[PDB]
Amino acid sequence: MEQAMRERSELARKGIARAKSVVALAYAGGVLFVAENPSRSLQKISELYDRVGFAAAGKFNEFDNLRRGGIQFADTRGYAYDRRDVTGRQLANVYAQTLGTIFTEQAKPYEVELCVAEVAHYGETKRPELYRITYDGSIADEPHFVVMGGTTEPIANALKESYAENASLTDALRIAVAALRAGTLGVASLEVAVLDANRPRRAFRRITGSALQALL
Amino acid sequence: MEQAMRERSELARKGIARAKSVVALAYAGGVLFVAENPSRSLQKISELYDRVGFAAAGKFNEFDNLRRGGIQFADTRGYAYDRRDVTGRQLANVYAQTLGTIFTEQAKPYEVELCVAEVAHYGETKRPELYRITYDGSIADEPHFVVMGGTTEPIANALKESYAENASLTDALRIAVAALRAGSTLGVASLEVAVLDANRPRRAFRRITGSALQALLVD
Amino acid sequence: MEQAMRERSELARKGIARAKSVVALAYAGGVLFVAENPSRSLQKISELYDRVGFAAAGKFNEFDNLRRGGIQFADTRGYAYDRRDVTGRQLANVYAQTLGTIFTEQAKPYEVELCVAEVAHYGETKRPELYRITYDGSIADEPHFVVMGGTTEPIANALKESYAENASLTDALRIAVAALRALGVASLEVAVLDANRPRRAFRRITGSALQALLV
Amino acid sequence: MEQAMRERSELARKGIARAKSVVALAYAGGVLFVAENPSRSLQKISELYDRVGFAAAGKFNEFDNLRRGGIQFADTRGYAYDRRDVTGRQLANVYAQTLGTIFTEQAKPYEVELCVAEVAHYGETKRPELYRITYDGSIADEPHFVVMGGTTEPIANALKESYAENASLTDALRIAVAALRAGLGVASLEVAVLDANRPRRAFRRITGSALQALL
Amino acid sequence: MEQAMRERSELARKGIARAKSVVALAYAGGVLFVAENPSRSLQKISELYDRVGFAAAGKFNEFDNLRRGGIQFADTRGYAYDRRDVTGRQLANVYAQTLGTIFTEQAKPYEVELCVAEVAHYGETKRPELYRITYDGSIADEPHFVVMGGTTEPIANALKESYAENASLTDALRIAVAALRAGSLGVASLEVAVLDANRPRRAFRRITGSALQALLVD
Amino acid sequence: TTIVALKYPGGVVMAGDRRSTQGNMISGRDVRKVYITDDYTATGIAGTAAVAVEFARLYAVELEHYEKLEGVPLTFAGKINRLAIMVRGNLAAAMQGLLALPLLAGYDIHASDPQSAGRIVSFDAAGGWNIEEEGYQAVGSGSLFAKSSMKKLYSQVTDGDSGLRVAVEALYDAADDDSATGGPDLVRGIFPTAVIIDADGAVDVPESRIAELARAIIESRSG
Amino acid sequence: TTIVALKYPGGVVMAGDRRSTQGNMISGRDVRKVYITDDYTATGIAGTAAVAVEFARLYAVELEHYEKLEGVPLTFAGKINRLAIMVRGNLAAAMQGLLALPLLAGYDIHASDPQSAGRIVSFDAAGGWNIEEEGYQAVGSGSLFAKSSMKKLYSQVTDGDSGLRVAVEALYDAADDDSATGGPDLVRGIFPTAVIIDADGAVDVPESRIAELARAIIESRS
Amino acid sequence: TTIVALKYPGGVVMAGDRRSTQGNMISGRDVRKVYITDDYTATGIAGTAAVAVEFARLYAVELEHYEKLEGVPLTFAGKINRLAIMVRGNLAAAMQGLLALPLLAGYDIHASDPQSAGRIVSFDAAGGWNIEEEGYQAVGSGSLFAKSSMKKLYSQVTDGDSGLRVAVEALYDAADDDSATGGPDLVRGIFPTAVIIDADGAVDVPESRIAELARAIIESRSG
Ligand SMILES: Cc1cc(C(=O)N[C@@H](CC(=O)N2CCC[C@@H]2c2ccccc2)C(=O)N[C@@H](C)c2ncc(-c3ccccc3F)[nH]2)no1
Ligand SMILES: Cc1cc(C(=O)N[C@@H](CC(=O)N2CCC[C@@H]2c2ccccc2)C(=O)N[C@@H](C)c2ncc(-c3ccccc3F)[nH]2)no1
Ligand SMILES: Cc1cc(C(=O)N[C@@H](CC(=O)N2CCC[C@@H]2c2ccccc2)C(=O)N[C@@H](C)c2ncc(-c3ccccc3F)[nH]2)no1
C-alpha cells in the first residue's frame, strides 16, 4: 500500500524531472506562457475557455489527454449553465480530482504537472489567478507565476529576483527566457502564448513566428 | 488483509499528520470554524445545509469530494422531505458510513478528518452539536470543541484550558487562534474563518473575511 | 485461504474486544438493554419491529449499517405478508446469513456483535427470546442474558452468579450495571422491550426517569 | 492449485469435525432423524418435499442457505411439472452440483455435510433412500444409516454393530441416541421422522412430552 | 503459467486415478458398458441420443454436469436440424472443446474421463465407434474398447488378450468383468448398459437385477 | 360458474358447481373449482380456467413454501395479502380477457374466539380484498342469485350440516337462474363439490353427501 | 364515499362512512376507511379499494420506517410531501381507472400555538396538495354535500364532542344526497368511523358515541 | 391564475392571485403562487398545482445547490438556462394535461447599470425563453387582460411603490375579466401576494400593503 504509492509517486516525480520546463507568469496585460518546445506542431500550452488557459509539463499524450478532458468539462459546463460560470478555480478543482483519481487507480500514474490560469473579463478589473496541480492531485494557488517540469528550483530562483508585477509583455518574455536558461533560447526552441485581458471574448492568443521574432 | 488495513490506517494517519489544523468551537452566537489556510480560493470550511456547517483537514481533493457528497446528500434529503428533517447528526452518520466504505474499499484510503456542526433553527433554543468523523469512519459526538489535523494534543489541551461557554465571537476567535498557534505568526492572510450564526433567520453559514476579520482578531 | 480466514477472524475478534460492552436480559416486564455509551446522540440499541429489539457492540458505522438493513428487512417483510409474521428469529437468521457473507467476502470483516430480542405481543404469555450473532455469522439462542463486546468473561460470570428470573425492572437495571463494572446516566444508554405495551414494545429510559431507576 | 484446494478441503474438514453430530436411520415406519441440538429455536433437520427430508451438519448459516435453496429447487420443480416428479435423488444430485461449485469457486468453502432422505408415497411400497453429500460435492448412497459431523467413526461403528432393519420407532430412537452417546435428553436433542404412514406430508417433528415419552 | 498447468494436469490425472474403473466394449450386438458402481440410483453410464451412449469415470458431480451438457447439445442440435444429423463424432468433439476450456479456465479442473459410443442405425451395417475424451480435452479414436479410471494397464492388457469383436452379450460381459477384476464383483456392485444395434430407435438399454444375474452365471 | 362460502359455528364451508361453457355450448360437466390450499384454507375461483388453475396451484405452493422456509405458516392476514398480490399481478391479462376472481374461506387457528374463527374473504380484479362480516359470500355469474338465496336461508345455519345444505341450495338457486352454472346431474351422478373447514382442518365433502342434499332439495321443491 | 375532517380548539377530527358500491349494487356495509397512520396522523381515503389499502398500509409503514431509521419522526411537511409523492406515483393507474384520493388530518407536535396545531391536507390525482386553513374539508362523491353542510354547522364547533357531532352530521347529509355514501344503519348497527387527534395523540372514537350522536340527528330531523 | 411582473428604476416586482379552480368549482382561496427562489430571484407559476410546486422547490434547491457546490451563485443567464431546461423536461407531461408555465423576476447584481438591472423572463412549454425588454409581463389565464392593463398603466411606474400599485391593479383587471383569477376577498381578508427585488435583495411584500392598494383601487372603481 504505502510502498506502492511511493513507487508511483517517485515514478511520476522522476518522469517530470526528466521533462522540459514550463513557466506561466502574471504581467500587466494578463498571463504569459513560455515553454521550451522543440516541436513544430505539438503543443504544451493551450486554450481552455474564454479567459482560462492551460500549460503542462511531462509525457505528452497524458497531459494532452488531461487537456482534452478539461476542454470537454469547460465546454459542457458552459453549455449547461452560462459561459461566465466557467472559472479557472473550477478547472483547477476538476483537474485536482482527476489527477488524484489517476494517481490512485490508474495502471500507471500520469507523469504530468499542470497549470490553469485565469485573467479578468473584458472591461473588468481583477488580478490574474494561477493554479498548479501535481501528479497526485495536489493543488496550489500562486499569486505571481508557476514553474513546473525539469529542474525547477533554478528557474524559480531567477523568477524570485527577476519578477516585477505589472511588467510589460516585452519585459516579461525576456525575464521568462532568462529564468528558463538558468537550468541561448530562440524562437525555434520556444512556444509562447498569452491570456490577453484586453481581448473582448477569447483571451488566449499564440505568439508565433515573425511576431515572436519581433517580440524577441 | 490485516497488514493491508494496518498500512492503510498508517497512510491516512500520517497524511493527516502533515496537514494544517482546523478547530470548531461552540459559543454564544452559534459555532465558529477557524482553520490554518494560506490560500485565497481553496476553502476548507463550507456550508452544508441551512443550519449545518462543515470543516475538514487533510488532502484537499479528497475532503472536497466528501464535501460535495455531503451537499448532495443534504439537498436530496431536503427535497425528498422537508428542509427541517435534515439534521447535522444525519450528515455525520452518512459521513461515518461513507468514510468506512472509502477506508476499506477505495484504492487509497482518504487522508481526511471531518467535522459536522449544527446550530439551532431561528428562534429555537438548542445547544450546538459537533461531530468528528475519522478517516476510518469513526464518529464521535463532542460537546464543546473539535480539533482536526496536524499535532492535535497541544491545541486540544489548550482549548481544554481556555474554553468558556457562551463566549463572545471575539473571545472565541482569540481562544481558537491562540490554541492554534500554541500547537503551531498568523493573521488574516493565514486563516479561513466562518460561523454558523444562530441569529440568521434562514441560512446560518457566514464567512468573516477581510476588514471584518481584521477588526475581530485584534481589539 | 487458512491464512486469510485466520486474519479475518483475528481482526474482527480484536476489534470487538476493544469496543465497549452491551448486556441484554429477560425480566418480568420484558427485555432490558443496557449498554455502556457515553455519547449523547449515537445509539447502540434500537427498535427493529413491534416486539423485536436490536443491540450491538463494536464499530459504529458497521453495526449501524446492519441495523438499518434489519429495519428494512422487518418493514419489507411485514408489508409483504403481515406485521405478525415478522419474528425475532427471522431477524436473527437473516443477520447470521448476512454477517457470514460480510465476513467471507467483504474487503474487511465487520467488527460487530449483534443481539436480537423479542417479547410477547400484548395480552399473550410467551417467554422472551434472546439471539446472539457473532462477527462470522454464528448464531446462538440464549434463555437469560446476552453479553457482547469487550472483555465478556467477568460480565458473563457476574450475571451467572447474580441473575434471577422474572426480576423487577429496577433489580434488572442494578444487576446489569453491576455486571458491566467488571456508570451513571451520562455514560449509559438503557431501553426496554416492554411486553405491557399494546402496539410498539420498544421504549428508551433516559434522564430523570433513568436516574430514579438507578438508585 | 494443489495449495489452494488442499487448504480448502482441510478448512472444511476441520469445520465439520468441530460440529455436533447427526444420525439418520431407516426404520419400519420410514426415516428417523436425530441431531444433537441444544437450541430451542434453531433447526438442523427440515422438510424438503412431501416425502423428502433434510438433515445437515456444520455451520448453521451455510447449511440453512443450502436448505432454503433445496426447498426452492423442490417447489419450483414441482410447480413446473407435478409434485410426484420430485425425488430425493434429484435433491441429492443438485446438492452435489451446488456443493461442488461452492467448494471450488466461493470465497470460503462451506463447512457443511448434508443428508437427504426419501420415504415412499402413501399407498406405495418402496424401501427408503438415504443420500449423504459432502463439502466437496461428493455424493454417497447409503442403505441403512447416515452419520454427519463430529468424530463420525465411533457412531458409524456403534451403528454398524447395533442396527437392524425394520426396528420400531422406539428401538430406532434409542439405538440412535446410543450411537450419538459414543462420542442426551429431550432438552439437548432435535428429533423428527419422515413417516411413510402419513398421506400427504410425511415430515413430522417429535418434541416435548411425546419425545420424552419415547425415551 | 508452467507450474499452474503442472498442478492442474496432476490434480485431474490423480483424481481420475483414485476413482473406480469403467469399461466400454464393442461386441457383436453393439456396445457394452460395464462400470464398478456400488450405488443403486447414482449412474456413471447414460443415454445421450438415439444410437449414442455415454460413460464416465471420476468425480460424480463433474462428469454428471458434462453428461447433462452433452444431452443438451444432442437434443438442441437434433431439434435445430434432424435427429439423423446427431453423431457420436459431434458429441466427442464438443466434449473435447468443452473439457479443454474447463481444464484451461475453471477454478479447478474436471477430474473426469469420458467415453462416447455410437452403434449403427437400425437395419444398417456400420461398425461401432468409441471415442475417449480425457481431462484436458485430448480426444482419441479407439477400435474395440475403452478403459477409464483406476489403474487402466491391467484391465487394458486383459482386454487386449481376451477380446473378441463378435462375442455375445454374455461373453463380452464376463470378459469385461474379468478384466475389471484383473484391475483391482456381482450385480450389487455393477452398473451395466448396452447400445443395442437391434432396437428400432433408442439403442440404449440398462441391464438390471435378475436379468444381469442371469447374464453373470450360466 | 358460481362459488359460495359461508361461516357456521366453529367452521366454514365452500362449494362450487361443475359447469364449463364457452359461448352457449356446455364444454365441461365435472370441473373442480374449489381447492384445498392448505390444512386450514380453501379457495374457489371463477373465471378463465387457465388463470384459475394457475392461481390455485401457485397459491398452495406459495403458502407451503413460506411454511417450509420459516418453520411456521403465514398468519391469515398474510395469506390474504399474498392472494391479493397474485390477483393484482394478473390484472393486465384480466384487462385483455384472462379474468378470474378467487374466494377465500379459512379457519384462523390464531383467532381469539374458536367458534367464530371462520373467515370469508372476497377479492376483485384490482387486488382489493374484503373480509366478509355478514356470514356468506359468493363469486361468479350466479353469485347474486346464490347470495340473495343465502340472505333468506342463512338463519337456518347452526352447524356444519345446515350450513352445507344451504350452500348446496344456494348453488341450486344459482344454477336455476344462471345458465352458466350447473345444477345437480341425476342422470350422470355429478354434483357440486364442497370443502368444510373446522379446528381439525380442511376436508373434502364426499360426493354422495352432496347427492343426498341435492335430492332432498329437488323433492323439497317438487311436492 | 365521503371522508370529512375538521379542526376544533386543541385538535382535529376525521370521520368516514361504511359503504362500498360497484355501479349501483351495494358491495359493502362495514368498510373502514379512516386509518391511524401514526401517533399524530390519520388518513381517510376515497376511491378504488386496492389503491386505498395500499396507500394507508404503505404510508404508515413508510412513516414508521423513517422514525426507526433516523430516531426521530418526520416533520409534518415531510409527511405531506411523502403522501403527495405516493399519490403522484399512482397517476398512471389513476388515469386507467384505479383512482383514489386521500385526505390527511394530523396534530403537529412542533406547531407554535398548541390550540392551532390541527392540520388538514387535501390532495389531488397529480400529487398536488393544499393545507386547509378554513377549518374543514371532505373528499369523495359526497364531499360537496358534507362541505356545504359543514359551512353552515361549523359555528357550533367549540370543543371535541361538538366537532365530532358536526362531523357525523355532515356525513349524514352526504349520505342523504349521495347514494354512494352510506348513512347510519339503525337495523344492522353499523355507523361511521372516526378518529380524533389531540396533544395526547390519535385515538379511535368508540362506536357507542357515534351511535348516540347519529340517533340525536335522526330524532332531530324527524 | 394570473402572475404579473414589471420593472421599475432599480428593481422588479412580481405579484400573483390566490385562486385555485377545478373546472368551474373553486378549490382554493389562499394559494401562494409567487416564491422567492433565491436572494435575488423570484419565480411565479401558472398551471397545474403539482407541477408548479415541484418547479418552485426543485428550482430553488438547484440554485442553492450550485452556489453551495461552487461558492458563487449562478449568473442570471445560467439561472434562465436551468429553468428553461426544467420546463422543457416536463413537455411530455404537459401534452397530457400537466402543463405549467413559470415567470421569472430577478435583480442581476452583476449588471453594468444597477438602475436597469431588473430582469423579467417568460417561458413556454417548449423551454423557449425570452428576456422581456418592454418593462412588464404576465403569465396565466388572465395574462392578456393583465398585459393590456399594464400597457395603459405602465407610464405611471416611477419607483417601487407605483410598480406594486400597477401590478396589483393589473391583477385586479385580470380577476375582473377572468373567472379563473381571484380578486381581493374583502370578506375573508385575502389579497394577492407580491415579491419585490432590488439591490438589497428579494422580500415578500406584507399583506397589509397590498390590502391598502386593493382598497384604493376598489374605491377608485366605485366612484
Ligand atoms: C384466451 C383464451 C380463453 C379461453 C377460454 O375461454 N377457455 C375456456 C376453457 C376451454 O375451452 N377448455 C378446452 C380445453 C380445456 C379447457 C377446459 C374446459 C373445461 C374445463 C376446464 C378446462 C374457459 O376458461 N371457460 C370458462 C367458463 C371456465 N371453464 C372452467 C373454468 C374454471 C373455473 C374455476 C375453476 C376452474 C375452472 F376450470 N372456467 N381460451 O383461450
Ligand atoms: C379496475 C377495478 C375496479 C375495481 C372495483 O370496483 N373495486 C371495488 C371493490 C369491490 O368490489 N370488492 C369485492 C371484493 C373486495 C373488494 C372490496 C369490497 C368492499 C370493501 C372493500 C373491498 C371498489 O373499489 N369500490 C369502491 C367504492 C370502494 N370500496 C371500498 C373502498 C374503500 C375506500 C376507502 C378506503 C378503503 C376502502 F376499501 N372503496 N376492481 O377492479
Ligand atoms: C391530472 C390532475 C389535474 C389536477 C388538478 O387540476 N388539481 C387542481 C388543484 C385541486 O383541485 N386540489 C384539491 C386538493 C389539492 C389540490 C390543491 C388545491 C389548492 C391549491 C393547491 C393544490 C389544480 O391543479 N388547479 C390549478 C388551477 C392550480 N391550483 C393551484 C395552482 C398553483 C399555480 C401556481 C402556483 C401554485 C399553485 F398551487 N394551480 N389534479 O389531477
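If you read the protein sequences in the order shown, they are chains A, B, C, D, E, F, G and H. For the first sequence, position 47 (counting from the first letter as 1) is numbered 230 according to my numbering, and the numbering increases by one without interruption. For the second sequence, position 163 (counting from the first letter as 1) is numbered 1177 according to my numbering, and the numbering increases by one without interruption. For the third sequence, position 24 (counting from the first letter as 1) is numbered 27 according to my numbering, and the numbering increases by one without interruption. For the fourth sequence, position 157 (counting from the first letter as 1) is numbered 336 according to my numbering, and the numbering increases by one without interruption. For the fifth sequence, position 198 (counting from the first letter as 1) is numbered 286 according to my numbering, and the numbering increases by one without interruption. For the sixth sequence, position 197 (counting from the first letter as 1) is numbered 219 according to my numbering, and the numbering increases by one without interruption. For the seventh sequence, position 100 (counting from the first letter as 1) is numbered 89 according to my numbering, and the numbering increases by one without interruption. For the eighth sequence, position 6 (counting from the first letter as 1) is numbered 28 according to my numbering, and the numbering increases by one without interruption. Note that CB positions come from ideal geometry on N, CA and C, so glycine has one too.
Flagged as an interface residue toward chain G: B:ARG1098, by a C-beta distance shorter than 7 Å. Ranked by Cα distance from B:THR1166, the first of B:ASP1155, B:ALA1193 and B:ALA1186 is B:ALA1193. With contacts defined by Cβ atoms closer than 7 Å, G:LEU92 and G:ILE179 do not form a contacting pair. Rounded to the nearest angstrom, the Cβ distance from G:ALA135 to G:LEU153 is 14 Å, too far for a contact under 8 Å. With a cut-off of 6 Å, the C-beta of F:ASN152 is classified as near ligand 2, since at least one heavy atom of the ligand falls inside that distance.
At a cut-off of 3 residues, the continuous stretches assigned as beta strand (DSSP E) that sit fully inside the stretch 104 to 170 of chain E are 110 to 115, 118 to 124, 133 to 137 and 140 to 146. Within its own chain, the residues whose Cβ lies closer than 7 Å to the Cβ of D:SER188, once the five positions on either side in sequence are excluded, are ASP315, listed in chain order. Between E:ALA112 and E:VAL234, the gap from beta carbon to beta carbon is short of 7 Å. DSSP places D:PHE382 in the strand class (E or B) of the three-state scheme. The stretch 42 to 50 of chain C makes contact with the stretch 181 to 195 of chain C; the number of CB pairs closer than 8 Å reaches 3 or more. Within chain C, the residues whose beta carbon sits less than 7 Å from that of B:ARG1103 are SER44, listed in sequence order. Here DSSP, grouped into helix, strand and coil, assigns H:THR63 to strand. With fewer than 16 other Cβ atoms inside 10 Å of its own Cβ, E:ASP173 counts as exposed. Scanning B:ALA1031, B:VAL1066 and B:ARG1081 for the CA closest to the CA of B:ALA1131 turns up B:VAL1066.
Beta-bridge pairing by DSSP links H:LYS29 to H:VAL34. Rounded to whole angstroms, the separation of the alpha carbons of D:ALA346 and D:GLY302 is 21 Å. If you compare the alpha carbons of F:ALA71, F:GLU76 and F:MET36 with that of F:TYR62, the shortest gap goes to F:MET36. In this structure, the beta-carbon distance from A:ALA386 to A:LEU399 does not fall below 7 Å.
The C-alpha of A:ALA202 lies about 20 Å from the C-alpha of A:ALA376. In the assembly as shown, B:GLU1175 is an exposed residue. Its beta-carbon has fewer than 16 other beta-carbons within 10 Å. At a beta-carbon threshold of 7 Å, none of the residues of chain H lie near A:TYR210; the nearest stands roughly 26 Å away. Taking the Cα positions, G:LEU80 is about 59 Å away from E:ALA180. Per DSSP, reduced to three states, the secondary structure at D:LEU309 is strand. With its beta carbon at least 7 Å from every one in chain D, E:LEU278 lies outside the interface. D:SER341: member of the alpha helix (DSSP H) spanning 331 to 341, first to last residue. The stretch 46 to 90 of chain F contains, as complete beta strand (DSSP E) runs of 3+ residues, the segments 47 to 50, 56 to 60 and 63 to 69 (chain order). Interface residue (Cβ-Cβ distance to chain C less than 7 Å): D:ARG306 is not classified as such.
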